[PDB]
Structure formats: C-alpha cells, structure tokens
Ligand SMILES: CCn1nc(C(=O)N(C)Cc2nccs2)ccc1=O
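Let's start with one chain on its own, the form deposited without this ligand, as structure tokens.
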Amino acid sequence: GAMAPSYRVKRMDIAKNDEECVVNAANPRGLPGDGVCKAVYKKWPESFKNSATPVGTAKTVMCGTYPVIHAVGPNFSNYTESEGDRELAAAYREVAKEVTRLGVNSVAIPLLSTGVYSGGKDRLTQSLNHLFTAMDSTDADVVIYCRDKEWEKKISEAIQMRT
C-alpha cells in the first residue's frame, strides 16, 4: 500500500507513466485498437497474449514483470444508457480487484468509455465517479491520465473537492 494513498491527474501519454502497473482501455477482442489501446500495444505488445475478455471485466497480462490490466468499458453506441452505466461501473470494480491482488503501491488509469466508446457524449464526470467508487477502498496511489487541457482542469478540481 502507499503510505498516504492519493489521487493525482497528469496530461500525457499513459505509455510514459511512472506507476507500478497500467490499466489499458481495451477492446473485448484483445486487438491493438486505437487511442490509449494502440499506445499500450506499442509499449507492451507482449501483454496482448490472451488478453480478450468480456465487457465489464478486467484481465491482467504481464509484460515481463510489469502488469497490464486490460479493462473493457462499454461502447455507448451499442449499450443503452442504463446497461452501459452498469457495465462501466463493473469494469472499474474489476480493476480495483486486480490492483489489490497484484499488491502494487501505484496504478496509472485512463477514464474508460470517454473516447470512441462515449457514443458522442461527454462522460468525464460519469466515468471519473465510477473510478472513485471502485478505487476509494484501495490503498494504491492512483494517477489518472488524460490528453485534453480542459479535462485536466476538471479532473484536478474533482480530486481537490474531496480533500
């Protein structure tokens, strides 16, 4: 566990993270994909061996000794708002289980279902609140990665609000 478990946010490529493991925003088929998933494929391609897993689940595959947690959020183009919300909450709950099992002191995590799985809606708050619900009972340092300058400010504000 971290000595004083924290949340932080950085605006940069999650493939350059300084944490003990990474959460991939994976597809269910273990394909290279696009966005975070393609960055993760280029950095840790060995972690895509038997990484396919259903929506709402996470599956960990080691790249050397570095754990890649493949978390499959719902594509809101295909899911109803109700069932997509349930699957998005469930994926983050499975991430917290994996982070705990691995015994890591820190994890790098993207906001699941906020990019090409968002069904064209802003889901910052929805996705971040499900991240907090899952991760608040864990003692890992959590570092959230994002790419947009306005999203960085809003995630930082949400973290600081609770402190």
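Throughout, we count residues from 1 along the sequence that is shown.
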When the C-alpha temperature factors are averaged for each of 57 to 65 and 116 to 124, which stretch ends up with the higher value in the entry?
116 to 124
So, looking at the entry's B-factor column for Cα atoms, which has the higher mean, 90 to 98 or 29 to 37?
29 to 37
Classify residue 148 as lowest, middle or highest third according to the C-alpha B-factor given in the PDB entry, relative to its own chain.
highest
Entry-reported C-alpha B-factor of residue 70 relative to its chain, by third, is lowest
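Although it is not shown, the form deposited with this ligand bound is what the next lines describe.
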Say this ligand is put on the shown chain the way it sits in the bound PDB entry, by superposing the C-alphas near its site; is the site then open or blocked (3+ ligand atoms within 2.4 Å of backbone or C-beta)?
open
Can you pick the one in 126, 47, 53, 114 that has a heavy atom within 4.5 Å of this ligand in the bound PDB entry?
114
Examine residue 139 and determine whether its closest non-hydrogen atom to this ligand in the bound PDB entry is within 4.5 angstroms.
no
Is residue 18 close enough to touch this ligand in the bound PDB entry, meaning at least one heavy atom pair within 4.5 Å?
no
